[PDB]
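From first to last, the protein sequence lines stand for chains A and B. If you're matching positions, the first sequence starts at 2 in UniProt numbering and goes up one per residue. If you're matching positions, the second sequence starts at 2 in UniProt numbering and goes up one per residue. From the three backbone atoms N, C-alpha and C, an ideal C-beta is built for every residue, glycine too. One structure below.
Number of protein chains: 2
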Amino acid sequence: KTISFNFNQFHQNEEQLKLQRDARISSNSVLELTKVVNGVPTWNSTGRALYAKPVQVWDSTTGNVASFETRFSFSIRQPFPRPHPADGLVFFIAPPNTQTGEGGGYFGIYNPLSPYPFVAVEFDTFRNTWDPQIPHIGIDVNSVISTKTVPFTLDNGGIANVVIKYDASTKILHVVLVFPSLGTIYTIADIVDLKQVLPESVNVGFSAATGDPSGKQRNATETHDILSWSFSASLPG
Amino acid sequence: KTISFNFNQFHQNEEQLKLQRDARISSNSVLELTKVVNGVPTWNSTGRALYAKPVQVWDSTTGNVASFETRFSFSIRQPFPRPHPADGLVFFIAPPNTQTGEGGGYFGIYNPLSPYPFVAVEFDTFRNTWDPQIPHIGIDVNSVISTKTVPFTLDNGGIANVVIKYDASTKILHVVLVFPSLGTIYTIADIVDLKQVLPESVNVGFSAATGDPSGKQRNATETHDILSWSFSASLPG
Ligand SMILES: *[C@@H]1O[C@H](CO)[C@@H](O[C@@H]2O[C@H](CO)[C@@H](O)[C@H](O)[C@H]2NC(C)=O)[C@H](O[C@@H]2O[C@@H](C)[C@@H](O)[C@@H](O)[C@@H]2O)[C@H]1NC(C)=O
Ligand SMILES: *[C@@H]1O[C@H](CO)[C@@H](O[C@@H]2O[C@H](CO)[C@@H](O)[C@H](O)[C@H]2NC(C)=O)[C@H](O[C@@H]2O[C@@H](C)[C@@H](O)[C@@H](O)[C@@H]2O)[C@H]1NC(C)=O
Ligand SMILES: *[C@@H]1O[C@H](CO)[C@@H](O[C@H]2O[C@H](CO)[C@@H](O)[C@H](O)[C@H]2NC(C)=O)[C@H](O[C@@H]2O[C@@H](C)[C@@H](O)[C@@H](O)[C@@H]2O)[C@H]1NC(C)=O
Ligand SMILES: *[C@@H]1O[C@H](CO)[C@@H](O[C@@H]2O[C@H](CO)[C@@H](O)[C@H](O)[C@H]2NC(C)=O)[C@H](O)[C@H]1NC(C)=O
Ligand SMILES: CO[C@@H]1[C@@H](O)[C@@H](O)[C@@H](CO)O[C@@H]1O
Ligand SMILES: CO[C@@H]1[C@@H](O)[C@@H](O)[C@@H](CO)O[C@@H]1O
Ligand SMILES: [Ca+2]
Ligand SMILES: [Ca+2]
Ligand SMILES: [Mn+2]
Ligand SMILES: [Mn+2]
């Protein structure tokens with residue numbers, strides 16, 4: 002059993018995507034996860050985009066877990082350097098039918114009063130109390146307190162290429178971050194047993210958030226645009 | 002204990018490098034692992050380049066294993082498409098003071114008569130009986146029959162950027178291959194316990210080979226140039 006989809010770009014009312022909260026598709030084909038009005042990113046924004054259909058990451062009858070690969074390009078533009086941009090974006094896998102969680106440092110995937118499990122790769126731009134230096138790539142399992150972290154320098158407004166791969170046989174989740182204009186390459190990997198944390202069926206997608214009002218800083222914002230996205234998963238059985 | 006080095010370019014007769022067999026440094030600063038005469042790569046060639054000093058990957062007193070990162074750029078030019086270029090190049094780790102092994106599909110690191118242990122990342126261009134389609138990246142442990150492989154499309158004559166990282170805590174060896182002109186990204190990873198296969202001290206370097214005479218094809222050749230190379234290893238204790 003193999004499942005896959007590709008998006009060279011995004012159109013309005015894409016039937017394959019489920020948009021939540023502030024997430025919207027612009028006229029020029031980009032998926033804007035967080036609010037941007039008249040070319041300016043705003044604070045107090047949270048948005049998600051999930052692939053409409055659920056994907057099976059493992060089968061309880063055979064015990065087999067799926068291997069998958071996903072590639073996407075994103076762009077984060079930070080117009081206001083002072084005092085600090087926030088908050089970042091993530092690629093995540095969660096149970097089907099979840100609702101947007103808390104914003105700010107929780108990226109819209111963590112809900113304190115009704116926590117659901119999730120695996121996510123974050124591109125964190127704001128340093129919360131639980132964070133190391135930013136920006137950083139992080140692998141998150143059921144929490145925003147990453148199991149592994151690696152710092153990276155953002156190409157402000159530039160295009161970034163990401164490759165996330167999961168090998169079921171080794172349980173290795175490895176991610177690659179490339180900024181073609183700068184020629185920089187960042188890599189991080191960790192062991193994650195999907196079968197142990199997630200249910201057989203899940204939703205895959207993105208989520209992002211800008212500065213929380215409690216920070217009292219309107220400049221704590223940035224864009225979180227997804228330019229393209231392909232996904233492929235193989236479950237033997 | 003952190004060792005580190007990097008060659009942004011190669012100088013004729015590098016005191017830091019030990020060249021073996023056909024390996025030579027050209028006038029324009031590139032490390033040519035295999036023979037190239039008058040701008041043309043020849044068959045029946047094998048060459049290696051080892052960092053002159055040994056590096057300690059683990060300590061038997063503490064039991065600690067080192068983590069390391071290495072980045073290098075290479076270029077493989079394939080002048081003759083038919084019938085099949087050969088053979089490829091690898092980055093390897095082996096016991097100190099070893100001699101060049103068999104050529105062809107063994108890349109000059111495997112010696113059937115007197116086999117020594119080794120861990121290597123291959124960029125295989127010729128499909129031997131034990132190989133999956135080519136070209137492919139492969140992780141080799143004591144043998145050229147890779148534990149893991151991933152196919153890739155070569156930018157003929159172009160520049161390739163490689164990042165190899167080993168995290169001792171997870172035993173994950175992950176490699177990234179990027180061809181900046183094509184914008185393509187390839188990734189592969191596997192679990193390798195260095196302490197279990199290699200001695201405390203080792204040599205790190207490259208090795209490559211062109212078509213073996215037994216194949217009776219003079220066209221089975223290509224270049225195997227290394228443009229730059231940095232290495233870093235951190236052994237706590
Ligand atoms: C919030 O972002 C604003 C846009 O960058 C900041 O204003 C800009 O501040 C620059 C000095 O760092 C100055 O050169 C720009 O002209 C100005 N942009 C405009 C026209 O608004 C703002 O900085 C604060 O407010 C300005 C007016 C000054 O009083 C600064 O000293 C302040 O730091 C940012 N506010 C915060 C909380 O940093
Ligand atoms: C080895 O590579 C050579 C260069 O690519 C091949 O020869 C070239 O073949 C071209 C058509 O495939 C032809 O237009 C070129 O003139 C020729 N280049 C020269 C001057 O050698 C060669 O192909 C075979 O051997 C040559 C000598 C010719 O007889 C071709 O017709 C053959 O296909 C390659 N060797 C083999 C066996 O593939
Ligand atoms: C492939 O490359 C070999 C070098 O590693 C060539 O042989 C040379 O090495 C042998 C032993 O290591 C020496 O005894 C020879 O003197 C070297 N040959 C030369 C050019 O002097 C090898 O050449 C072939 O084998 C040797 C033994 C001779 O019979 C050559 O005439 C013959 O070409 C070369 N193979 C080919 C097919 O070119
Ligand atoms: C931050 O955004 C929330 C909504 O995302 C704001 O609350 C909403 O405010 C509008 C208009 O006042 C109401 O119609 C909604 O029902 C509110 N929803 C919520 C979340 O309660 C909130 O006021 C914003 N904070 C600030 C200070 O701008
Ligand atoms: C969860 O805490 C928030 C951070 O993640 C940022 O959004 C910051 C921006 O000012 O505001 C809050 O401190
Ligand atoms: C070990 O086998 C050899 C290959 O690795 C290539 O060198 C090929 C080139 O023609 O010749 C032999 O089949
Ligand atoms: Ca954060
Ligand atoms: Ca081969
Ligand atoms: Mn973080
Ligand atoms: Mn191979």
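In this structure, DSSP gives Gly104(A) a state outside helix and strand, which the three-state scheme calls coil. In the structure shown, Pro80(A) adopts coil according to DSSP, grouped into three states. Against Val164(A), the close residues of chain B are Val177, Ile186, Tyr187 and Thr188, in the order they occur along the chain (beta-carbon pairs closer than 9 angstroms). Buried is the label assigned to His175(A), since at least 16 other Cβ atoms lie within 10 Å of its Cβ. DSSP places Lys149(A) inside the beta strand (DSSP E), whose first and last residues are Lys149 to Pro152. Shown here, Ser46(B) sits in coil according to DSSP, grouped into three states, outside any helix or strand. Pairing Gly158(A) with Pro80(A), the inter-Cα distance amounts to about 9 angstroms.
The closest heavy atom of ligand 5 lies less than 7 angstroms from the beta carbon of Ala87(A). Here the alpha carbons of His225(B) and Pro86(B) stand approximately 12 angstroms from one another.
Of the other Cβ atoms in all chains shown, fewer than 16 fall within 10 Å of the Cβ of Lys54(B); this residue is therefore exposed. Neighbours of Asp191(A) across chain B, judged by C-beta separation under 7 angstroms: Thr171.
With 5 angstroms as the limit between CB and the heavy atoms of ligand 3, the residues that fall short of it are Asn45(B) and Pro214(B).
For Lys196(B), no beta strand (DSSP E) run applies; the uninterrupted alpha helix (DSSP H) run containing it begins and ends at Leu195 to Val198, by DSSP. In this structure the segment 115 to 131 of chain A does not lie against the segment 39 to 53 of chain A, because fewer than three pairs of beta carbons, one per stretch, are closer than 8 angstroms. For the C-beta of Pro181(B), the chain A residues within less than 8 angstroms are, from N- to C-terminus, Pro181 and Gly184. In the three-state scheme derived from DSSP, where H, G and I count as helix and E and B as strand, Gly216(A) is classed as helix. Shown here, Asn7(B) sits in a strand according to DSSP, grouped into three states.
Sequence-distant partners of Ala234(A) (beyond 5 residues in either direction) whose C-beta falls short of 6 angstroms from its own C-beta, in its chain, are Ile4, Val56, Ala67 and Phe69.
When Cβ-Cβ separations below 8 angstroms define contact, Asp168(A) makes contact with chain B. In this structure, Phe232(B) is the residue among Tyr107(B), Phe232(B), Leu236(B) and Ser74(B) with its C-alpha nearest to the C-alpha of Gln17(B). Contact annotation, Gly238(B) with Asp23(B): C-beta distance approximately 39 angstroms; criterion of less than 8 angstroms not satisfied. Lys2(B) and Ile140(B) have their C-alpha atoms roughly 27 angstroms apart. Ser202(A) and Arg49(A) have their C-alpha atoms spaced approximately 19 angstroms apart. In the three-state scheme derived from DSSP, where H, G and I count as helix and E and B as strand, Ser208(B) is classed as strand.
Cβ-Cβ distances below 7 angstroms link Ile135(B) to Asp125, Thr126, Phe127 and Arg128 in the same chain, with the five nearest sequence neighbours on each side left out; the list follows chain order. The distance from the Cβ of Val205(A) to that of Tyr52(A) is about 5 angstroms, consistent with a contact at the 8 angstroms cut-off. Taking 8 angstroms as the cut-off, the Cβ atoms of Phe153(A) and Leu178(A) count as close.
Within its own chain, the residues whose Cβ lies closer than 6 angstroms to the Cβ of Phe108(B), once the five positions on either side in sequence are excluded, are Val91, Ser208 and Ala210, listed in chain order.
Between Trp44(A) and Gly184(A), the C-beta spacing is not below 8 angstroms.
About 6 angstroms separates the beta carbons of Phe11(B) and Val31(B), which is inside the 8 angstroms limit, making them a contact pair. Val120(B) and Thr130(A) have their C-alpha atoms spaced approximately 40 angstroms apart. A residue is called buried once 16 or more other Cβ atoms fall within 10 Å of its Cβ, and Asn14(B), having fewer, is exposed.
Relative to ligand 10, the beta carbon of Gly139(B) is positioned inside 7 angstroms of a heavy atom.
In this structure, the C-beta of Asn112(A) stays at least 7 angstroms away from each heavy atom of ligand 5.
Residue nearest to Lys172(B) within the set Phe180(B), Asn220(B), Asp191(B) and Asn162(B) is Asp191(B) (criterion: CA-CA distance).
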